[PDB]
Amino acid sequence: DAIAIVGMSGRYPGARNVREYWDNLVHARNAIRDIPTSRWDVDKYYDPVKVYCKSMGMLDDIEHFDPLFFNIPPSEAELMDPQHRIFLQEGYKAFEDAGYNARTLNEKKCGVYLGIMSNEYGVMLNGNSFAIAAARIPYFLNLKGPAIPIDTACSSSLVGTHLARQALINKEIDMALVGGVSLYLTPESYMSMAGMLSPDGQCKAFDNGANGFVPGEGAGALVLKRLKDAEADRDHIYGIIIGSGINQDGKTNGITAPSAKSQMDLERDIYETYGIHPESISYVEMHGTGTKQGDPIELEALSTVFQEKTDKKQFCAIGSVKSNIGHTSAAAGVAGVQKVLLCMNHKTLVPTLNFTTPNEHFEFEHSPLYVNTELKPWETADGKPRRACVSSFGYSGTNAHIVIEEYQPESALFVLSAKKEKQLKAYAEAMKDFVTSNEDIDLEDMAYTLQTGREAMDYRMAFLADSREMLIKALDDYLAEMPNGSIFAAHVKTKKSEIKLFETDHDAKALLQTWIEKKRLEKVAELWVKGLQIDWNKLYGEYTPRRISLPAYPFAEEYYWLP
Amino acid sequence: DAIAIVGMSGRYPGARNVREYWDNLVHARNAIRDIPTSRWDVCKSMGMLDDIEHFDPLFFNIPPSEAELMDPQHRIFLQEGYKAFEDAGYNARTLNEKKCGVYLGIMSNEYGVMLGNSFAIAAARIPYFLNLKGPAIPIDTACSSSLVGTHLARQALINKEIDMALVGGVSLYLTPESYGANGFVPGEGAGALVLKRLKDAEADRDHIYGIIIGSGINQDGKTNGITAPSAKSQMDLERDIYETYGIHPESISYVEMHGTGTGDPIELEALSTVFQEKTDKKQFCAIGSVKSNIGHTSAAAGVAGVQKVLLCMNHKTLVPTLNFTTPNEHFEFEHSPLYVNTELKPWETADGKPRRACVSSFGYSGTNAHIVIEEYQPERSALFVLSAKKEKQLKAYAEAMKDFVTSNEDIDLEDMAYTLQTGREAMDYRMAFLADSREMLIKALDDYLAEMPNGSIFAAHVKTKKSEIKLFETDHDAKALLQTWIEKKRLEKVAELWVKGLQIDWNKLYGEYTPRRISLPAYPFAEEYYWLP
């Protein structure tokens, strides 16, 4: 039936994580920049009539990787496509976002469906097959569900989402990591213009001045489960997929042209199959690439299918995040899904950019659709959950469209750990920023997530706090190395002897068990940082807190490029 | 529920088509040759396709100059895919707007680099050409690719998301760079199957090679090195499939192993162990690997194996697996459910139970697939028509048909004509003839080819005869006359008119005996050379 999205991670132009992503969207920020010479020299390729676009939505630090974390020899890292490296990182972080770790994921029937469409690094070198890109994560975490790379161009990650959904409903897998990654490493590839690119370097979605897209880079991942399982397992749930479908354009006027009829059929068939009324939908994240013939075809298709079922006008807002971050290709689908989920969570619609005058080839006034350029409340009538759609169409003609519904649910001991002390410090910094920015965080949920939702690694710190202010101060004290009697820290490898007593003696175990049961947190803390295994469940009686979204591992930022 | 395989086409080392493939397997032929200098200057061996440069771009509305810029993997699959449809008895007209998915196994980019050529486009060629509307997805899970595709197509059909699927694989080895048990020898190939829900296949009166009654995919996960196999994952895969779909290992009498000749002992132990969990019976299940004949055809491995199994079932015959002198030391056969078949023998079944077989395909990236196939058990002059887009190809078509009829003494003449009528597109260059026997049929085709006048033979180029058939297209009594001819007997008249371009309603030729579509030779593409520009 319904598929729950229980974890996410994203890395897009101007946004290192989904929290920065959200911030950028709320502020109507455009992340498209001129391509710097540190990538390539645009002057050596630029001709206005060769490349005619000099702009890109770029990721920062595409060379950065933490190979040691993944048990990969540093020298192998140079030989890995950065698309592989970056997704490995984001994919892992999506699991942690959900509150799953290596221990809890071991041997899980989790499928991995990875959108990927380019091979630039592999060619530059002359390990780097699409098949291996997909299999990295299963190999690292010992997952047992199928590992399939999807190249349907720009629809890739959404097609992957459809396949994962169907495998989940058919009970073939019990979890799914779906995602996409796209980088533009060479003048040659980004180049193919074929007439595709905008000379102004903007995706002017829906606008009469639409004249092509600007290429964008990104990597994103979602964690999917059946809704029934997610509720049983007490996952935190961003929203639910209540319908999806894929199809083909078939014969068009040129293989990269879109088909109005195919887009209509796709959308109609989904709504009919899953009993979804267009009136129930209040936002659609369009493919919306800002191409002159593509945009009006998409609009007319969607409008027509909505209008077959309703006379209501201008009830459904439309937009495209490609207006913010450019066309992130293989990652386009997952980028749009993440936007919609964030909107739903915050009950807020955000502006679509670059829209001055409506495309002349489509009349909005008597349409169910309207272009939203406002940051406003996402209003819903009565009790009803918000619903939104995401469309992704590829240049090869394979289309995807999904429907998302809002999910409507019915002192603490803080622990942190990392594989290196430097990353532990980075972790504490990320947590402090997170707490600082999120004034309403449930402290008990947060502690619980750090306890049960993260792997205990070799460098550890822990502290007590009963308020946001106390939590912030502890992290500050830790970072500043300024003495605080409630802060504990150790490297586990150095503290084996000091712990052995509680691991072997029967009465020491009984005393530790009594400590945990009576909530003697200082004592639990001191032992935990030294490497003692704590049974966290025992910390909680009638009331158990819930896993929530927190910042994920802060990978070492080590530079690897061509050998 | 069950998925019917209703069309197939194949092009493997030593075999231009599935009939030659079968013949090679029956005769235990090995297609592995030394790599010639025309490929590159030299392991020095490969299972090679012939004339990988040949394509018929005009057939596919592709400009000849674009053909040079196409990965031959794309070009060859386009041809084999199309022929799979024709094998099933479907044509451009009958496929138009069909919800047919295309799932294409592909795992290399050599031509593109040597130089449009994305995996995404490779899958989309056929949908674009035939106006199909099911999703077009390329699958790169390495050597499991085509079998992974089969699984996905199967699930989509069962969920009713599509009504037909073309599944296939293609693998070429173009560069030196990308290149007892001692490892594998690389093979080249392209194969395709046409899949439908069984209920539809029977209602539509398709010819059915066999049915897929169970499939699964999974991962190795964490192994000792990313390309190492996991005994446990193989077992879980096989067990889960058999349990989910209610398949008893005792019912299975052949398994086409992944069997790359490296890995071997792990596969043997896994399958053996799973079988033994459910039965004490010994040496009931033959095992083989067509990789012993044609090499490791990579992305096309799965489809090559599935086609072998279907051909075996169709002929109720097991064929030899090659290169086997003494059993792998690391596995003990004597008390196993498994035995290596090295004989050409009858495939025996007990009390009219359908034969069942499995195909395994495991990838170097750790994505595994396994499917279970069951044998399908089904409950006067004719008018033969042929056509092609050029006269040269019509001649080649006639030769292919003559060879086919010569080779098949038991062909049903009514079925064959019926397939030529309803199961092929009537193109611009046409010939037709009457025959009431195999001998007459062979004679007619001989006469046509040798240009010996024969009063039963009619031929025309349709563009030349427009003025001559107008008399029949619009007038009401001319249609009545034609309908009286085709309703019903004179066939000579229908024939003359058909070759000149008149559209015939083939259904009217048949009152309540209607013959069935059968497998026949598909289009003989023009063999034009295209390579790097």
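Going from the start of the chain as shown, residues are counted 1 onward.
Keep in mind that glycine also has a Cβ here, set from the backbone N, Cα and C atoms.
As written in Swiss-Prot, here are the features:
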- A:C154: active site, for beta-ketoacyl synthase 3 activity (ACT_SITE)
- A:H287: active site, for beta-ketoacyl synthase 3 activity (ACT_SITE)
- A:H327: active site, for beta-ketoacyl synthase 3 activity (ACT_SITE)
Using a 10 Å radius on the Cβ of A:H327 (active site, for beta-ketoacyl synthase 3 activity), the other Cβ atoms enclosed count 30
Whole-Å Cα distance, A:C154 (active site, for beta-ketoacyl synthase 3 activity) to A:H327 (active site, for beta-ketoacyl synthase 3 activity), is 9
Cα separation, A:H287 (active site, for beta-ketoacyl synthase 3 activity) to A:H327 (active site, for beta-ketoacyl synthase 3 activity) (Å, whole number):
9
For A:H287 (active site, for beta-ketoacyl synthase 3 activity), write down the residues of its own chain that are at least 6 apart in sequence and whose Cβ falls under 8 Å from its Cβ; none is a fine answer.
A:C154, A:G294, A:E298, A:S320, A:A332, A:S391, A:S392, A:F393
Counting every protein chain shown, other Cβ atoms within 10 Å of the Cβ of A:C154 (active site, for beta-ketoacyl synthase 3 activity) number 29
